[PDB]
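Sequence lines set the chain letters: A, B, ... in the order given, protein chains first and strands last, and positions in each chain run from 1. In listed order, ligands and their atoms are each counted from 1.
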Amino acid sequence: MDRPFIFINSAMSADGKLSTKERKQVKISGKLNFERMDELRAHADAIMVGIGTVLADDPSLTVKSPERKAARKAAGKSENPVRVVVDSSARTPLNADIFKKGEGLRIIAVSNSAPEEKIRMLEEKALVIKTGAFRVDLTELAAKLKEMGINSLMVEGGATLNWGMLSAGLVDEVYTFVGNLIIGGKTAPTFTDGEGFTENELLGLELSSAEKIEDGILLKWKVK
Amino acid sequence: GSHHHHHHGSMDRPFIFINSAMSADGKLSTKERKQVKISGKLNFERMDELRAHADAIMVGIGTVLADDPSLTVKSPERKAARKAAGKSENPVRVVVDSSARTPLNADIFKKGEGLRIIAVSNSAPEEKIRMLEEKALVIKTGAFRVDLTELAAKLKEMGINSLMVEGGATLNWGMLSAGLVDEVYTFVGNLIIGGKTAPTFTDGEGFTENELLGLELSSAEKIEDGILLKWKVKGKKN
Ligand SMILES: NC(=O)c1ccc[n+]([C@@H]2O[C@H](COP(=O)([O-])OP(=O)(O)OC[C@H]3O[C@@H](n4cnc5c(N)ncnc54)[C@H](OP(=O)(O)O)[C@@H]3O)[C@@H](O)[C@H]2O)c1
Ligand SMILES: NC(=O)c1ccc[n+]([C@@H]2O[C@H](COP(=O)([O-])OP(=O)(O)OC[C@H]3O[C@@H](n4cnc5c(N)ncnc54)[C@H](OP(=O)(O)O)[C@@H]3O)[C@@H](O)[C@H]2O)c1
């Protein structure tokens, strides 16, 4: 029933895009936003992304700063928080950078439809948690993560995973770094894609703060 | 920045600004293209003040078909002041409508005084153009899509020095990708709409990495439950 505190942290263009229409990564934020993001990763118990992000960008999801890594190690944690990939069909690449870089637990959340041959390969490098039929049951995942010690879960995104989490009612707060650019594109991934809310189910927020950082602005929203 | 900031005395085109309201996730309406409550009374008053000071308001055919807006100034005081200063009660109303689909009973024709312009492409059906010419000036420009650069020149030439683009996702793209926009104002509302198919603040084709349009944040101002961001367009980041 219970779950971690859950927050989304992403960087988007002034027009709401996470990457181009080609699904390519571009420069949205500068060094100061990257330092803020590294502070969040250091204090989070776990970081989560979707399979889409893993296949597109192959991110390591590591804490970068030696001092943050040491501070975590000093308090008895792994240098990196737990790293979780949401991945229905067990397609996380075996040579993904998440497995190559750094210490810490990796968790692949898969669906019960996932092929067992792919799951066994993945289990060599990670804990595999199975939920749902053809897609991951994010509520059940969130309960299992909470059970195993995670009280703080940072969702860094994916346009579709952000939708999954917000529409399941699992999210406490939304952090959006808004960068000084227009990306454009009907098919460019946005801060929240997926199915979308109809007019009678819009998710209300409350603006907690707005802080200029370098050339953009960090908006923090509490979810209602 | 590389972008040359136009003003009311620039000879090629009007000063051009986009004013929209979007969700926290960048959407202008639902996946069903349904208009929802993004902003409140205070942003609506700011919006109405801006309309009053524009020479012309431009919207896409998609907005006309979805929302059937009048694009009128609402405050009787604003309208009176425009009239007292020798202007039309409402700014000029312009619809970007490649195939001449603007409905003959659209609200822009039923409500208020002033000039109406429908900008159409040369592929628009001749008979549809002729029927709209009963109710408006029709400007034919572009082969299969409206040429927005040429349209802006034509507007300047008629004496329009300030052009408010209320937008629509696709028109916002047309204007920004042609490098026609001086400033971008987005009221960011306190909601998530979501949806891969929901119209965003800028749709269309989209920029590649080498075409990204740079901005400069002029201001951020909290208003009721949301936040107004104003951006100066700085030009291509290359
Ligand atoms: N600027 C930024 O801050 C930032 C951060 C991260 C990513 N991005 C960008 O966003 C894009 C990737 O986003 P994306 O939407 O393609 O992928 P994504 O959100 O990373 O992952 C979504 C995928 O997760 C899987 N999933 C499994 N169970 C799910 C559930 N219950 N709800 C939702 N998803 C579930 C689904 O695929 P299966 O069903 O096949 O498992 C789904 O298509 C990339 O272009 C990346 O660069 C940007
Ligand atoms: N929240 C807000 O402040 C706000 C403001 C405005 C609109 N909206 C919402 O936006 C939603 C949908 O937007 P939309 O993109 O469908 O409508 P739109 O941008 O108002 O209309 C776009 C249309 O303009 C026409 N066009 C012709 N030549 C063009 C050119 N060179 N460049 C760009 N466009 C050209 C195209 O259709 P043809 O080629 O067929 O003529 C195009 O589909 C609506 O549901 C509305 O509620 C919200």
Side-chain angles (χ1 to χ4, degrees), chain A residues 9-13 17-20 22-26 28-29 37 49-57 59 85-91 109-111 114 131-132 134-139 141 156-165 167-168 176-177 179 186 188-191 193-194, chain B residues 19-23 27-30 32-36 38-39 47 59-67 69 95-102 119-121 123-124 142 144-149 151 165-175 177-178 186-187 189 196 198-201 203-204:
Chain A
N9 186 74
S10 304
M12 72 187 200
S13 60
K17 310 309 186 295
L18 298 185
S19 59
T20 69
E22 313 140 301
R23 303 168 53 79
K24 285 190 172 60
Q25 186 159 48
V26 299
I28 298 170
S29 45
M37 180 182 336
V49 293
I51 186 63
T53 298
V54 170
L55 297 173
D57 307 326
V85 181
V86 182
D87 174 16
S88 300
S89 305
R91 279 175 312 103
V110 305
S111 75
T131 58
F134 295 110
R135 304 177 69 76
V136 170
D137 181 324
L138 300 168
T139 306
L141 175 58
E156 289 194 43
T160 307
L161 183 61
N162 285 355
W163 161 256
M165 297 298 290
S167 69
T176 266
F177 182 91
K186 182 171 176 135
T190 75
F191 178 71
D193 282 343
Chain B
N19 187 77
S20 304
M22 75 189 192
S23 62
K27 307 308 183 298
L28 294 182
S29 60
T30 68
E32 329 139 292
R33 306 170 182 282
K34 301 285 172 67
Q35 183 168 230
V36 295
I38 300 180
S39 70
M47 239 168 189
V59 81
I61 181 58
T63 297
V64 174
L65 297 173
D67 303 334
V95 187
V96 179
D97 179 19
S98 295
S99 312
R101 296 191 289 138
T102 293
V120 305
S121 74
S123 75
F144 53 90
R145 201 198 288 92
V146 175
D147 188 323
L148 297 166
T149 291
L151 172 67
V165 173
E166 303 256 324
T170 304
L171 181 60
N172 286 356
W173 161 257
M175 299 298 299
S177 59
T186 56
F187 178 89
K196 185 159 131 49
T200 73
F201 179 69
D203 285 342

Non-neighbouring partners of A:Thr160 that pass side-chain hydrogen bond (donor to acceptor under 3.5 Å, both in side chains), sequence neighbours left out: none
For a side-chain contact (heavy atoms from CB on, under 4.5 Å) check, start with the C-alpha distance between B:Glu166 and B:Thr63, then their side-chain angles and the critical distance, and finish with the verdict. CA-CA 9 Å; B:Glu166 303 256 324; B:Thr63 297; over 6 Å; no
Who are the side chain to side chain contact (heavy atoms under 4.5 Å, CB included) partners of B:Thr186, not counting sequence neighbours? B:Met22, B:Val184, B:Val188, B:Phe201, B:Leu229, B:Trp231
Between B:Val36 and B:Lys27, is the side-chain contact (heavy atoms from CB on, under 4.5 Å) condition met? List the steps. CA-CA 10 Å; B:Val36 295; B:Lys27 307 308 183 298; over 6 Å; no
Protein neighbours of ligand 2 with a heavy atom under 4.0 Å, given by chain and number, are B:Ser20, B:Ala21, B:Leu28, B:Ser29, B:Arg33, B:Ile38, B:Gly60, B:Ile61, B:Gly62, B:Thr63, B:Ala66, B:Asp67, B:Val96, B:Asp97, B:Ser98, B:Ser99, B:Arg101, B:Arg145, B:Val146, B:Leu148, B:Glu166, B:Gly167, B:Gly168, B:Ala169, B:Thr170, B:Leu171, B:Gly174, B:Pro199
Listed partners of B:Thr30 passing side-chain hydrogen bond (donor to acceptor under 3.5 Å, both in side chains), at least two apart: B:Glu32
With side-chain contact (heavy atoms from CB on, under 4.5 Å) as the criterion, how do B:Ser98 and B:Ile61 come out once you've worked through the C-alpha distance, each side chain's angles and the decisive distance to 0.1 Å? CA-CA 8 Å; B:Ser98 295; B:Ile61 181 58; over 6 Å; no
